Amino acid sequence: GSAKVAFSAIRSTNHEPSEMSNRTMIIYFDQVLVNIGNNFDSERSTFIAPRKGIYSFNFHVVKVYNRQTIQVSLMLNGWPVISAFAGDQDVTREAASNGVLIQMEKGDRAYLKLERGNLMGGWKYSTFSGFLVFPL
């Protein structure tokens, strides 16, 4: 029970970044598909760990042609753990994708941040998900 913890969120439209998102560079997901434990904060697109354990995260951030390459980082309490990268071309939607397992303590925060480049043109089809693999 207290060890069933999972979330899943997607970007459902190609609408543009909000003003606050330009300031945080935190990547926003409007449609929450799964939120067992209610530990993902959808306003802030941030997972907050309810207990000590090993957590898994995956993300795929989709961009269109927009005169920019990007770097996306999964952030743990404001420090980048992993990054992914995408280029700039008009042939196809393209994704920055990566995933990892990390230890988190209670209250630890995980979210995605655009380190380099921007998502003007939208980031429809973007995904972010994660779950407690086991408590420690």
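The first residue of the shown sequence is 1; numbering continues from there.
The question of which stretch, 79-87 or 53-61, has the higher mean Cα B factor is settled in favour of 79-87. For the segment pair 119-127 and 14-22, the entry gives 14-22 the higher mean B-factor, averaged over Cα atoms. The PDB entry assigns the greatest CA B-factor among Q103, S73, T46, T69 to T69. Ranked by Cα temperature factor within the chain, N39 sits in the middle third according to the deposited record. In this PDB entry, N98 carries a Cα temperature factor that places it within the lowest third of its chain's modelled residues.
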